[PDB]
Amino acid sequence: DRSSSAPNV
Amino acid sequence: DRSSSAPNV
Amino acid sequence: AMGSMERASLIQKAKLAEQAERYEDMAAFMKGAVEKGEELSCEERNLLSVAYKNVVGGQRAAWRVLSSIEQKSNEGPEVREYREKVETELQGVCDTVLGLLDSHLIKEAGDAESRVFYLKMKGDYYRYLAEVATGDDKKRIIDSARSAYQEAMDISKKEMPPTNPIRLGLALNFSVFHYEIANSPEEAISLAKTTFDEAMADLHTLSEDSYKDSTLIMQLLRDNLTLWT
Amino acid sequence: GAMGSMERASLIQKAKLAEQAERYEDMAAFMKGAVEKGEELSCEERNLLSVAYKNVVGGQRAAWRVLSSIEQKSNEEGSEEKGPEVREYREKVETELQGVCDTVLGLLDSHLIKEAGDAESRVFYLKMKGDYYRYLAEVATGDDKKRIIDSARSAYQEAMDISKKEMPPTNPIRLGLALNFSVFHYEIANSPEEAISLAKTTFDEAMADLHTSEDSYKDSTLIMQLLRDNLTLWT
Ligand SMILES: *CC(=O)NCC1CCN(S(=O)(=O)c2ccc(I)cc2)CC1
Ligand SMILES: *CC(=O)NCC1CCN(S(=O)(=O)c2ccc(I)cc2)CC1
Ligand SMILES: [Cl-]
Ligand SMILES: [Cl-]
Ligand SMILES: [Mg+2]
Ligand SMILES: [Mg+2]
Ligand SMILES: [Mg+2]
Ligand SMILES: [Mg+2]
Ligand SMILES: [Mg+2]
Ligand SMILES: [Mg+2]
Ligand SMILES: [Mg+2]
């Protein structure tokens, strides 16, 4: 996996 | 519901 | 500069764009390939169809959202203006596809399968124009869709088995036209039921490479029939 | 088209319509026009600007990754005859991606960062500058890459410095910033030790103050979960 960044809220 | 047409194959 | 690329390179790039889910690019590549002036293979027809159906599919979904909001609002000018902008872009794409069908793809020669496929596609894209049309132009557009589908039907019935996937997809879409566009539920249901029954009666003759596709269309006929009755 | 003469309120309304229609390129253009009216953005409006451009660049990044993988697999196989088309198409997508990033960075520099009143919005825009330099860094090669990485780092560090002075550790903006800076460390700057320690400190300090608004709870706890997920992946 790639790292997770901040999503759309 | 809308009728279904031919999908992408 | 599509025209400066070799045909093989345009096809390769259409396949890459498909993998990347870049359907506008995929369609542009396939339009360039069509413009090279050779017939398309089955695989290549599928690339052309997938690309443009994805593009117009997005436009149609957006139009339906905006139209719904517009109608609820009516029950400022912004939603009308924006719905009109999306509508104009959708019409543009439909016109591009119809232009290519007329200028390059539809011909008196070639196998029945390809002739019916392209006539079906002409019917489809006139049907997409009809979804958004209001007025006198609407009647002309509907007549154009009907004419294309009917010619395709006539060829398919003479030249192709009842369980052929192109014949099936055409009949499914023409039944949708009857129901959703032409205010003809009786004809929609009758066509779908006749299509389903005649296809099932000859399914034992269908080649294995078409089985998955034909059975999917037959399921959609069944599901529409359930919805309509 | 010509958005300079359009009512700001109309541009925001159209951005919201475009969002409902999943027309993110249009949404982004509407929000660019709204920014260019020259007023500060509200919260809702920052969210619209963010959602729009993140969806556009998100699509481009995903496509770029597919193409880069195909390119590399092709080149590795090393057949005398394959590779030029996928390289050229990857370059086309890359150019489009860079163009969107440059647009966002231009708006931050010309209109948004200088003009922000409060610390919260300044941190949000500096974070965004870090993120779009980070997206440029994903596709950059050579010496340009080093400059781009430095620019991302500078923006993130400035944001971090303000956020630590001005905002509680559970603030969603502060949390989202720390999450993204940790991703920068791991994925871009090849600094896994820094990534892990920033993520662990961020998670722990947020947890310690978790008992203190329900209006931010869902957003903040979602970011904390992504910190946890990264930490599990990295260790
Ligand atoms: C051999 C061939 O001509 N190409 C594949 C075609 C593309 C799509 N059509 S269709 O639009 O008629 C259709 C049929 C069945 C299904 I499942 C989806 C689409 C078929 C031929
Ligand atoms: C009040 C406000 O300024 N606007 C909402 C913002 C948009 C998204 N950011 S963020 O990019 O920092 C982010 C944090 C948490 C989550 I869940 C998603 C995004 C926050 C402020
Ligand atoms: Cl508009
Ligand atoms: Cl290209
Ligand atoms: Mg040539
Ligand atoms: Mg109109
Ligand atoms: Mg004749
Ligand atoms: Mg005013
Ligand atoms: Mg080989
Ligand atoms: Mg480049
Ligand atoms: Mg404060």
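Both ligands and their constituent atoms are indexed starting at 1 by order of listing. Below, chains carry the letters A, B, ... as their sequence lines are ordered, and counting in each starts from 1. Side chains are part of it too, since the values below use all heavy atoms of this structure and drop only hydrogens, waters and symmetry mates.
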Notebook entry, point to check: Taking atom types as modelled, is there a side-chain donor on D:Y156 or D:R134 under 3.5 Å from an acceptor on the other?
Noted result: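 Side-chain D/A pair, D:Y156 to D:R134: present.
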Margin query: Ignoring hydrogens and geometry beyond distance, is a side-chain donor-acceptor pair present between D:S213 and D:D215 at under 3.5 Å?
Written below: no
What pairs of donor and acceptor atoms, side-chain ones from residues 187-200 of chain C against any protein atom, are under 3.5 angstrom apart with sequence neighbours left out?
from	atom 1	to	atom 2	distance (Å)
C:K193	NZ	C:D197	OD1	2.9
C:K193	NZ	C:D197	OD2	3.1
C:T194	OG1	C:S190	O	3.1
C:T195	OG1	C:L191	O	2.7

Check: Does D:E45 pair with D:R8 as a salt bridge, N-O distance under 4.0 Å?
Finding: yes
Next item on the list: Could you tell me which residues satisfy side chain to side chain contact (heavy atoms under 4.5 Å, CB included) with D:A116, sequence neighbours excluded, listed by chain and number?
Entry: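 Partners of D:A116 under the side chain to side chain contact (heavy atoms under 4.5 Å, CB included) test: D:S121, D:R122, D:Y125.
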What short N/O contacts, under 3.5 Å, does ligand 2 make with the protein, listed by atom pair and distance?
from	atom 1	to	atom 2	distance (Å)
ligand 2	3 (O)	D:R46	NE	2.9
ligand 2	4 (N)	D:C43	O	3.2
ligand 2	11 (O)	D:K127	NZ	3.2

Which pairs would a plain distance check flag for residues 2-9 of chain B, meaning a side-chain donor or acceptor within less than 3.5 Å of a matching protein atom at least two apart in sequence or in another chain?
from	atom 1	to	atom 2	distance (Å)
B:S3	OG	C:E180	OE2	2.6
B:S3	OG	C:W228	NE1	2.9

